[PDB]
C-alpha cells in the first residue's frame, strides 16, 4: 500500500509522482485542499503539516527529496535515479539541496505577491536559472547522459515557466534555450508527462488567485 498526499501544482510533489512512476509502482494519489488539510495529513506530517506526504504501509515519509531517495533505495534496480558513485551522488544531492534552498521559500513570492517581495523573488529565481543553466552545460541531463535526481528535482518547475513569465514579467523561454531543450527531453518520459500539469492550467489558477486575493 502506497498513498501520496499531494497538491496538483506543487513542483515538489511532482518529484515524488515522477519517482513512483519511474519505479512502475502502483499507488493512490490523494489531492489535498491546502485551505482544508485532511486529518490524515496532520497525523502523518505533524512537524511541518505540508504536502507531499508519502505513506508506505501506514508509515509516513516527509520531504520530497527524502521521498525520492527512499523510493530509489526500495527499488534500486528499476530505473536507478541516484548515481552509483559516492562522489557523483554527493554532487546530485548538492544540486537538489541548492534548488530547495533557493526556491521553496524565496520563490513562492513570484506568484503570490506583488511589489518589493515579488521583485526580490524575480532576482533570486533568475539567479537560480543562470546557475542551473551553467551547471547543465552541454550535457543532455543534469545527471549527465541519463535522467537523474537533479532532473527530477527541477523538471516540475517547467510547468510554471509560462506563469512566471506572465505574472512576474520574467523572460525564461527565450533566454534559456538550453534549459528549454532539457525540459523537452525530460517531457518525453511517461513519468514526467504524467506528473506535470499543463502550463496553461497552472497559469489560469495562479491568475485567478492573483485577481481574487491580490486584486491584480
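Residue numbers count along the first chain shown, from 1.
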{"property": "Selected stretch [higher average CA B-factor]: 53-61 or 151-159", "result": "53-61"}
{"property": "Between the two ranges 22-30 and 65-73, the one averaging a larger CA B factor in the entry", "result": "22-30"}
{"property": "Member of 145, 103, 91, 118 with the greatest C-alpha B factor (per the PDB record)", "result": "145"}
{"property": "CA B-factor ranking of residue 42, expressed as a third of its chain", "result": "highest"}
{"property": "B-factor third for the C-alpha atom of residue 113 within its chain", "result": "highest"}
{"property": "Third of the chain, ranked by Cα B-factor, where residue 107 sits", "result": "highest"}
{"property": "Ranked against its chain, the third holding the CA B-factor of residue 85", "result": "highest"}
{"property": "Residue 181, C-alpha B-factor rank within chain (lowest, middle or highest third)", "result": "middle"}
